[PDB]
Number of protein chains: 2
Amino acid sequence: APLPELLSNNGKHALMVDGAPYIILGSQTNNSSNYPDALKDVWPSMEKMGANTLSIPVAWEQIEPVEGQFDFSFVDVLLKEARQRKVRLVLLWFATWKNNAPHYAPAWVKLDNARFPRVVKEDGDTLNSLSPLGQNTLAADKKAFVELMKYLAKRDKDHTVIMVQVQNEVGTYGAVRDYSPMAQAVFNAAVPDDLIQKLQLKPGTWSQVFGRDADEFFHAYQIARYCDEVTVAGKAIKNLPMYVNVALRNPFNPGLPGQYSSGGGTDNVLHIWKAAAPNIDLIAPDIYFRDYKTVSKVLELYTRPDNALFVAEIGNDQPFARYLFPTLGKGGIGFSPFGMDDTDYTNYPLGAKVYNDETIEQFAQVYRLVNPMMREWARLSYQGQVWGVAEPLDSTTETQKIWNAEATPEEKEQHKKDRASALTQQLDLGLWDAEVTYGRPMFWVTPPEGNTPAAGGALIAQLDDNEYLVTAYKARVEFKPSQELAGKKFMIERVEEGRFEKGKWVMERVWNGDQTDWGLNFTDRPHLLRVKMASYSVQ
Amino acid sequence: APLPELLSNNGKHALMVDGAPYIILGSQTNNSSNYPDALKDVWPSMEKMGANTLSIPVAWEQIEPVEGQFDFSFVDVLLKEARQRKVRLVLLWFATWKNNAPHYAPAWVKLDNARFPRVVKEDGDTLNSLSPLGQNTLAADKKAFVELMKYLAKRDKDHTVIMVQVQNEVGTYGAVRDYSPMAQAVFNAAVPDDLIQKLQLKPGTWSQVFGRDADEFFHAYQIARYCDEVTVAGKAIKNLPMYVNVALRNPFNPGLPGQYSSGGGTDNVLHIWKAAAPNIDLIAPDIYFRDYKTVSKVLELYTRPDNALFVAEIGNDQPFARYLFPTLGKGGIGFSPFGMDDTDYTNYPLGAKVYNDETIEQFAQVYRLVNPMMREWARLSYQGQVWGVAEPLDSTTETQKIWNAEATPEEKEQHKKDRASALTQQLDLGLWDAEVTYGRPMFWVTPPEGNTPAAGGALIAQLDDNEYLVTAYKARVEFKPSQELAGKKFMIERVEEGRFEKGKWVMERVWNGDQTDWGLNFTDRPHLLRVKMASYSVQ
Ligand SMILES: OC[C@H]1NC[C@H](O)[C@@H](O)[C@H]1O
Ligand SMILES: OC[C@H]1NC[C@H](O)[C@@H](O)[C@H]1O
Ligand code: NA
């Protein structure tokens, strides 16, 4: 089988797996599930979820517990169990940084500051975050990572592991950069030529060329170089796609670097990361903002002609499930909810308060829409035109439920009109437009009021000028001409519900009558439709 | 087996099936269930309901997807599966009109307006409703319908299919008639002689003879002729009963034609339809009005010496179930709730908000009263005297629950009296009268307060001068002399609960004592009674 690879062309991207585009319908374990005994608490969630790919840590501490004495017993069990369950793997290399810190590095690393130095604050105090200028640290991380890749090269010939995450949420909390003498010497020196060339800047020292951004851009650059070197060394052994994941700053109201994780691939340093680390395939957002506007903004910032969108982590509470739709609609290669196992942990308030079948089912229900067409969607999402939307009002707050209750009948009617309008999305599909609305009956035209809780969305792919592939969830999708018809009329020509078998469309039934009079109405159950529109002459 | 046929005699009617009267205890699928793959979501509901007859579409688009290339693969599967389940079929020919529009006509029909022309408004705009004056449209519909009938002639010798509906809810929304030049020419001309003779009118042009009703009567007449020609051609192949179903106007407050579907068999044009389409066996109301008075009025309007009553569609929400009783009481030949399948659709607000076992059970419970005596009831309903009533107050409406709560103890007592009186119905059964009351204990005489929700009803057939067949549901039925007795007394002589086996009555037990002291009290469980009354001398 050909190696997995990330392709980028015409500003679009595909994760190739076994020689064709692939979508990661993912799940990630909790942080302490990377042991053989924990896997029995992982697989059942994955099965219930319908996930095709598991993201799970492989820790430097577990593979090199004593320097030079490697142990791949976990990776062995993991590969074998994944294959038995017919799922793929993304391994998360928890090493120099996990959430800014070295807790997953071996004891002989994290307890030897002299050999493996920490970031020093401007005031001289030390933080528990390893400096990217530590050359011994880099050499050691690199050597262990290379051994892991050698294990895969020798023992995973069919590429059960399809991607590797290098480190986990790199950066530093509590300072902007390393201010140690070692780091200060490099900061005071000239900005490297390659970076100056790539950003088309005037040469100089860090402070000269970057000014108020020098400290942060420096930390970002040095971390990016470190991760790039690890990535290169591993890829020289087996050239799997590799990526880094970002502890995000709020894109609207970030606060200061150091409050957020300074030096990671935050939106303001993506240009530094892309220049510094050309061997890292993509930079992936970790999404735990619950609210639609902020999530939408993150998706927009991380989807670029030079950056495939991969939602490497997202919260596992109910409101997050619907963000699958815009993720895929942006041409995303994957989506991976965090903490999908029964090892007695919840990261509430980030995720679900309780982990149970209902938690899982919120994601299972949206995965069921994509699984039946995964390869076909993946191809259209690289080579063609796709769209995806989610229900754009968050669930109504208690504060808003009180403001609603004390309103004035004229204010209530007006608020309902405003909500209806906000819950109506328009998409330009070329000759045809779609309108997506949320939370209304399947019959007649009473205006949308939203689902409770917010949960809906829709996917659309263009198959031809007048033909679209459509599936949606707790929503209505309606089609109309994109531009005025010169005395013509229009209608739905045909809607077929069906499936793909061996890449061929098989029709199950035609939607007509009630099922197409009031748009195309979807509940929680999966239906995949091919919709053919027609304008026709009446002259 | 003899062909099914609709008999009419002495102002009464019977649907003959296999040589004897038959009652359709029906169910109708949702509009997009007319495919082999959907049938697995249809049969279980039918079984749970206890229905004996399934109404399901056969679409022109599916049988003639390319002109001249016929495909009966769906009809084949459907016939075979129906027979395996030992049920009968009513096929619904979705063709030139389905709900006023051509969406179920093939693409080569509906997208070719030049060949198959649409209704043109008085202002020159075109509506998506095919004109009944289109001669190509008629020929093409007729040809396909004839092929369907040929399929049944050759492949359904035992008449699994017992009746065919020609079109579905014909007419036009948004205009009263076709105002195209083609139509305007026929409108300006003389009203056809046969119509002038049949309605005993003075000859003239449409506007002269009909005045303010000309536009609507013209559309009705032209549609009726079209449907009659299709019907005749099909019957020449196999002479099954055939009917049309009506998108009803509100009989008390109709609004204007075009707001309602103009040209269909609405109550104000039944005379036009009966004169124009003598080959169509009956005109069937589609009932979605929820309230007792309006439903009752519809049943009254559509039950005529020249029109067998068939409730071809009724809403599937709980309040509609009880209308089975007055339907059968009027000598109706059948009753068919709409949307009885699990294909992920509800026509709420017309039907039930959620489709589940409870939805089905509301109809199952009333069908269980009739199924055990279906052939016996059908014969009595043609040859004899039958009666049927439903609970005449709709379920109490929130607004009324508030008005009741803020009343004055004298106003509450008075309201309760008024309700009790409204919930008491009197029936003249010849020598004996019955009084039916709803929502009271099975013992003693506390006045009726109604069921919650409204749900009760009763069926009575006369077996002899003093003997009646009775079954009822969430109601009390009491008998008394119809005439003052000349110094005689009366009593129940005997009440037997039982069943029919090979057309013979088999007694299970005698109701007496508590069971007959306070009338005949019925809950949700089925009991079929023979009630013999007696007057006796005490002189
Ligand atoms: O549960 C919080 C979550 N935050 C993001 C990190 O990448 C994850 O490992 C985890 O710590
Ligand atoms: O669900 C509404 C119902 N209205 C009446 C039509 O005859 C049916 O086919 C269906 O459209
Ligand atoms: Na456009």
Out of A:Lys143, A:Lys198, I need the residue that is farther than 21 Å from A:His103 by Cα, more than 16 Å from ligand 1 (Cβ to nearest atom) and surrounded by fewer than 21 Cβ atoms within 10 Å (Cβ to Cβ). Which one? A:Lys198
Among the residues of the range B:398-436, what is the count of those that are crowded, with 16+ Cβ neighbours inside 10 Å and of a type in the set (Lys, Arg)? 1
For the range B:42-79, what are the residues that are of a type outside the set (A, V, I, L, M) and within 14 Å of chain A (Cβ to nearest Cβ)? B:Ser55, B:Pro57, B:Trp60, B:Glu61, B:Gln62, B:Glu64, B:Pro65, B:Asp71, B:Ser73, B:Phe74
Residue check, A:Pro241 crowded, with 18+ Cβ neighbours inside 10 Å and more than 18 Å from A:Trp97 (Cα to Cα): yes
Tell me, which strands (runs of 3 or more DSSP E) lie completely within the range A:2-42 with 2 or more residues that are under 30 Å from A:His103 (Cα atoms)? A:24-28
Residue that is away from ligand 3 (no atom under 16 Å from the Cβ), out of contact with any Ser or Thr (no Cβ under 7 Å at 6 or more places or on another chain) and outside the structural domain of A:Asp433 (by CATH), where the choices are A:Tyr292, A:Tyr382: A:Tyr292
Is at least one residue of the range A:167-182 aromatic (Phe, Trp, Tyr), assigned by CATH to the domain that holds A:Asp281 and in a helix (DSSP H, G or I)? no
Can you find a residue in the range B:422-438 that is assigned to a helix (DSSP H, G or I) and outside the structural domain of B:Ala321 (by CATH)? yes
Whether any residue in the range B:329-347 is closer than 30 Å to B:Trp432 by Cβ and within 16 Å of ligand 2 (Cβ to nearest atom) is what I want to check. yes
Within the range A:471-488, is even one residue within 13 Å of chain B (Cβ to nearest Cβ), without any contact (Cβ under 8 Å) to a residue 24 or more places away in the chain, small (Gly, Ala, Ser) and under 28 Å from A:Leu423 (Cβ atoms)? no
Tabulated pairs, the range B:325-341, first within 14 Å of chain A (Cβ to nearest Cβ), second in a strand (DSSP E or B) and more than 16 Å from ligand 1 (Cβ to nearest atom), C-beta under 6 angstrom, 6+ apart or interchain: B:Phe338/B:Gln28; B:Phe338/B:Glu313; B:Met340/B:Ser27
Inspect all residues belonging to the range A:408-418 and state whether any of them is more than 14 Å from every other protein chain (Cβ to nearest Cβ), within 16 Å of ligand 3 (Cβ to nearest atom) and of a type in the set (S, T, N, Q). no
Is it the case that the range A:495-516 has a residue that's under 14 Å from A:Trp432 (Cβ atoms), of a type outside the set (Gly, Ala, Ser), within 9 Å of chain B (Cβ to nearest Cβ) and assigned to a strand (DSSP E or B)? yes
Subset of the range A:10-53 [touching a helix residue (DSSP H, G or I) at 6+ places or on another chain (Cβ under 8 Å) and among the polar types (S, T, N, Q)]: A:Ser27, A:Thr29, A:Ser32, A:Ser33, A:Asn34, A:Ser45, A:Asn52
Checklist (1) more than 16 Å from ligand 2 (Cβ to nearest atom); (2) in contact with a strand residue (DSSP E or B) (Cβ under 8 Å, 6 or more places away or on another chain); (3) not in a strand (DSSP E or B); (4) not hydroxyl-bearing (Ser, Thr, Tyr) applied to A:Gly450, failing item: (2)
Give the residue that is nearest to ligand 3 (Cβ to nearest atom), with candidates limited to residues of the range B:225-260 that are closer than 22 Å to B:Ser296 by Cβ and assigned to a loop (DSSP other than H, G, I, E, B). B:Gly255
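Of B:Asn9, B:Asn34, B:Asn30, which residue is more than 17 Å from B:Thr160 (Cα to Cα) and within 13 Å of chain A (Cβ to nearest Cβ)?
Checking each option against the conditions leaves just B:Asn30.
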Residue check for A:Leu463: away from ligand 3 (no atom under 16 Å from the Cβ) and either at positive phi or not charged (D, E, K, R) (or both): yes
Could you give me the residue pairs with C-beta distances under 6 Å whose first residue belongs to the range B:108-126 and is within 9 Å of chain A (Cβ to nearest Cβ), whose second residue is among the basic types (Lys, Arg) wherever it lies, and which are 6+ apart or on separate chains? B:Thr126/B:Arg118
Just for the range A:414-447: of the residues that are acidic (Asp, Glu), out of contact with any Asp or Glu (no Cβ under 7 Å at 6 or more places or on another chain) and within 26 Å of A:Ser535 (Cβ to Cβ), which one is farthest from ligand 2 (Cβ to nearest atom)? A:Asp428
Hits in the range B:269-314 - residues which are part of a helix (DSSP H, G or I) and among the β-branched types (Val, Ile, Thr): B:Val269, B:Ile272, B:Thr294, B:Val295, B:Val298
Determine whether B:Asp193 is farther than 23 Å from B:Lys330 by Cβ, assigned by CATH to the domain that holds B:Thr346, out of contact with any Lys or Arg (no Cβ under 6 Å at 6 or more places or on another chain) and of a type in the set (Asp, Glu). yes
Please enumerate the residues belonging to the range A:517-539 that are charged (D, E, K, R), under 31 Å from the mean Cα position of the chain (by Cα) and outside any strand (DSSP E or B). A:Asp524, A:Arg525
Could you count how many residues in the range B:348-396 are more than 20 Å from the chain's Cα centre (by Cα), more than 14 Å from chain A (Cβ to nearest Cβ) and of a type in the set (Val, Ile, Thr)? 1
Matching entry among A:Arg525, A:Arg494 (being away from ligand 2 (no atom under 16 Å from the Cβ) and loosely packed, with under 15 Cβ neighbours inside 10 Å): A:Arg525
Kindly establish whether B:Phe74 is within 20 Å of B:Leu39 (Cα to Cα), surrounded by 20 or more Cβ atoms within 10 Å (Cβ to Cβ), in contact (Cβ under 8 Å) with a residue 12 or more places away in the chain and more than 16 Å from ligand 1 (Cβ to nearest atom). yes
So B:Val506 passes all but one of these: (1) surrounded by fewer than 18 Cβ atoms within 10 Å (Cβ to Cβ); (2) in contact with a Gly (Cβ under 8 Å, 6 or more places away or on another chain); (3) within 29 Å of B:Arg419 (Cα to Cα); (4) not acidic (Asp, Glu). Which condition number does it fail? (3)
Test: residue in the range B:146-154 that is of a type in the set (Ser, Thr, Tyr) and buried (at least 24 other Cβ atoms within 10 Å of the Cβ): no
From the list A:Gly439, A:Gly339, A:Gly388, exactly one residue is within 16 Å of ligand 1 (Cβ to nearest atom), small (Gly, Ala, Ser) and surrounded by 16 or more Cβ atoms within 10 Å (Cβ to Cβ). Which is it? A:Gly339
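Neighbour counts are summed over all protein chains in view; Cβ atoms, including those assigned to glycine, are modelled from backbone coordinates with ideal geometry. Basis: the model, the stated rules and, where named, an outside source; no laboratory instrument gave them.
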